[PDB]
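Here you get one chain, nothing else, as structure tokens; it is the form deposited without the ligand.
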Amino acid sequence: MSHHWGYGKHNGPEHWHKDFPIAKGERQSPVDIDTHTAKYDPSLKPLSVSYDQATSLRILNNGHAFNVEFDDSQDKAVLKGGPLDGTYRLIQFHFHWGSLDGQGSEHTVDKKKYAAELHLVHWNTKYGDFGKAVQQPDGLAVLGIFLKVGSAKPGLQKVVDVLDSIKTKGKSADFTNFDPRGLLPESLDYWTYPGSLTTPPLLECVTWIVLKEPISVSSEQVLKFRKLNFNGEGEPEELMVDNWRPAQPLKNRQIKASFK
């Protein structure tokens, strides 16, 4: 249908509440991280990211972003520790980005926007599969990583290089042997809060873990994101930029951190 959700003026974040009333709920994401009001919790443990046996499959343009999909049939790529009481399996990653380097991230830090934000999405092994997990308040754990512009990120290059092949909605490419360790910063210091999916259906099923340290990507690398299209092949060109939801009200949730 013509007014399927998206990021345009007619179908974007300001409109989502009409089909998805939880958009105005109590635990929506993303949020602004005010570093004066976030609370250092010395009891927060280190994150445990185990990606050395991750098995990537394919990369696809779904008309909203591009997703790299993983084999989540075993404990090959798991997130645990940190604020988490369970183990979560990686199913996909994707990014959100802007029409210029000055915006594109979903989370903000003291109102500062980054050029992009990477989401690694993981689901809780208590629940059987992803579809079941998103119905539970502790169903998902999303690791959020900001992108700033500087030096190139070597581990991102395979992704950048393939994007020309999946320009339009519905296109995919094989994408094997991709190592998601190559997308992580040196430090795993983090903020965490309870929240939601940032796209429809906006379900309030996510433990967010947002890394303090951005990764650096080159200007050339993030520029390639902006060549993707929201549209299908043959349809009028609608460039895939500004596929981010703005910050939502915190509503008395506590953001906790592993540092001051």
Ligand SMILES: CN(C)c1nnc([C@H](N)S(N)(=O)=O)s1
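Here, rigid core means the biggest group of C-alpha atoms that superpose within 1.5 Å across both forms. All residue numbers are counted from 1 along the displayed sequence.
A.B. asks: Fit on the core, then compare CA atoms: does 191 to 199 or 44 to 52 lie farther from this form in 8 other deposited structures of this protein?
C.D. replies: Farther from the shown form on average in 8 other deposited structures of this protein: 44 to 52.
A.B. asks: Mean C-alpha B-factor higher for 128 to 136, or for 152 to 160?
C.D. replies: Stretch with the higher mean C-alpha B-factor: 128 to 136.
A.B. asks: Can you tell me which stretch has the higher mean Cα B-factor, 206 to 214 or 47 to 55?
C.D. replies: The stretch with the larger average C-alpha B-factor is 47 to 55.
A.B. asks: Just grab whichever of 142, 147, 78, 173 has the top CA B-factor as deposited.
C.D. replies: Among 142, 147, 78, 173, the highest C-alpha B-factor in the entry belongs to 78.
A.B. asks: If you rank the chain by CA B-factor, which third does residue 194 end up in: lowest, middle or highest?
C.D. replies: Lowest third - that is where residue 194 ends up once the chain's C-alpha B-factors are sorted.
A.B. asks: Taking the values exactly as deposited, rank residue 251 by C-alpha B-factor within its chain and report the matching third: lowest, middle or highest.
C.D. replies: Its C-alpha B-factor, which the entry lists for residue 251, ranks in the lowest third among residues of this chain.
A.B. asks: Splitting the chain's C-alpha B-factors into thirds, which one does residue 245 fall into?
C.D. replies: For residue 245, whose C-alpha B-factor we compare with every modelled residue in the chain, the answer is the lowest third.
A.B. asks: C-alpha B factor of residue 188, ranked within the chain: lowest, middle or highest third?
C.D. replies: It belongs to the highest third of the chain when residues are ordered by C-alpha B-factor.
A.B. asks: Per the entry's values, where does residue 117 land by CA temperature factor relative to the rest of its chain, in the lowest, middle or highest third?
C.D. replies: Lowest third - that is where residue 117 ends up once the chain's C-alpha B-factors are sorted.
There is another form of this protein, the form solved in complex with the ligand, and it is not shown here; the text below is about that form.
A.B. asks: Scan 109, 149, 78, 121 and let me know which has any heavy atom within 4.5 Å of the ligand in the bound PDB entry.
C.D. replies: Looking at the other structure, the residue within range turns out to be 121.
A.B. asks: Just to be sure I understand the contacts: of 33, 197, 211, 44, which is the one whose heavy atoms reach within 4.5 angstroms of the ligand in the bound PDB entry?
C.D. replies: The residue from 33, 197, 211, 44 that makes the contact is 197.
A.B. asks: Is residue 92 close enough to touch the ligand in the bound PDB entry, meaning at least one heavy atom pair within 4.5 Å?
C.D. replies: Contact check for residue 92: yes, within 4.5 Å of the ligand in the bound PDB entry.
A.B. asks: Only counting heavy atoms and a 4.5 Å limit, does any residue of 230 to 258 reach the ligand in the bound PDB entry, and if so which ones?
C.D. replies: The stretch does not touch the partner at all.
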